[PDB]
Structure formats: structure tokens, C-alpha cells
Amino acid sequence: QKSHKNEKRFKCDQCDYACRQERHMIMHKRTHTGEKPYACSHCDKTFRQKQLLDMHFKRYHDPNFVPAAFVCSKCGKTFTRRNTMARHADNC
DNA sequence: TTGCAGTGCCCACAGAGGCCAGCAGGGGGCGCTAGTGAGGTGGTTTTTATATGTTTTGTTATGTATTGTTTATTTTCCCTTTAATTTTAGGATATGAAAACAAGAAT
Ligand SMILES: [Zn+2]
Ligand SMILES: [Zn+2]
Ligand SMILES: [Zn+2]
């Protein structure tokens, strides 16, 4: 098992992607064989993956969405994604 | 910019295996003692053995009694010669008993 320890332990039958964890195999499988049994309580949307889209539910319906400012350096403009702040800060 | 498909990372509870005290297995070496077992020494008696005294046994000498021996005085058997003692005539006695005589008595 030291061969399999901290490696791509679980192969996928349909495609050659591999993940270390089983949970990843169940989520990966649902994309190939569409089950999407997770459903926002306020809209029609049916989600494949777990509570990240339950976070969809939360935010799409909660007026307390509160987008984290995440202010940069001197210019100070706000962006919703970390990679954007790092790239624009490198030359700001 | 988002949904979708696929990846990264952080945690955490399991899982795992070395760490550790606890504890039980077989075996080595000592502390100490009850209880015989045997061996050696001392005492006792005892038993054999030895020596002394008394008595019993064996041997020797003297006296008495028994058997034998040639005398030796009976003694006893056998002669020839007397000394009573007996037997046989031969004469004499005696005492009896007739016989004769004499004396009474009778006829
Ligand atoms: Zn696949
Ligand atoms: Zn919704
Ligand atoms: Zn800036």
C-alpha cells in the first residue's frame, strides 16, 4: 500500500482522470452519469456537487450576501477573486 | 462572467504498532530442620576356664582262717591161751507112804 499511499489511488472507468479520494470518485461519476439530486430551495436549479451549490442557495437568496471587499494596494479597487488581486497588485 | 469537471489542502478520527507495566511459566541455588540409620564405645555379666581343697578310689600289708600232711595215739580186727562156767553121770539124802504092829472097840 506504500505504492498507493499519497498517489492517484482511484482510477475512473469512463475516463483516465484519477483522484486520491473515493468521495472524488462519486462526484466525478455523477458528471458522466447525470444524477444532480441537489436542489436550491428557492429556484429550479439542480446541482451536481455538494454544499458549494448549497452556498449558491444561501447567497442567491440571502440579502446578507456581503461581498468581501478584499482591497488591493494603492489603487484600492475591489475584485471578487483572489487571483485577480494578486495579478493586478503585482503591477499596482 | 458562470456551470461544470476536476484538483488542493486542512483537519481529524481511526488504525495501527511500538512502548510499557503486569504477571505467569520453568528452573537454579540456598536457610534450616525432624527423623532415622548406623557405627563406635562403655558397661555388664557371663561364661569359659583355671586352680585349690576335699574326698573317693585304688593299692598294699598284716592277721585270721582254712586245707592239707605226716605222725600218733586209738581202735579194732584177728589169732592162741587160759578161767570161769556149763553139762552129764553117780552117790547120797529125805520125806513120803505103804506096811506091819500094837491098841481100843465091838460082837
Ligand atoms: Zn470519468
Ligand atoms: Zn437558488
Ligand atoms: Zn490596485
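Everything in this summary refers to the structure shown in the same document. (Residues numbered from 1 in each chain as written, not as in the entry; some residues may be left out. Chains lettered and ligands numbered in written order. Part of a larger assembly, values for the part shown. Heavy atoms only, no water. Residues with missing side-chain atoms left out of burial classes, pairs and counts.)

### So, the environment of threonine 78
- The topology assignment puts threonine 78 in the loop between α2 (52-61) and α3 (82-90).
- Spatially, the C-alpha atom of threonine 78 lies 9.7 Å from that of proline 67, the residues being 11 residues apart in sequence.
- Setting aside its immediate chain neighbours within four residues, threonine 78 contacts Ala68 and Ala69.
- Engagement of the side chain of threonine 78 in a polar contact is seen with the backbone oxygen of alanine 69, the distance being 2.5 Å. (Helix = DSSP H or I, 4+ residues; strand = E, 2+ residues; numbered from the N terminus. Contact = heavy atoms within 4.5 Å. Polar contact = N/O pair within 3.5 Å; in protein donor to acceptor, adjacent residues only side chain to side chain.)

### Quick look at the environment of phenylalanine 10
- If you trace the backbone, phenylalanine 10 turns up in strand β1 (residues 10-11).
- Beyond its immediate chain neighbours, meaning those up to four positions away, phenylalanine 10 contacts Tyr17, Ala18, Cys19, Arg20, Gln21, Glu22 and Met25.

### Quick word on unusual backbone geometry
- Not every positive phi belongs to a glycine, and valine 66 is a case in point at roughly 45°.
- Along the chain, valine 66 turns up in the loop between α2 and α3.
- The phi dihedral of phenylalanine 70 is positive, around 50°, even though this residue is not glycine.
- Relative to the helices and strands, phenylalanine 70 is located in the loop between α2 and α3.

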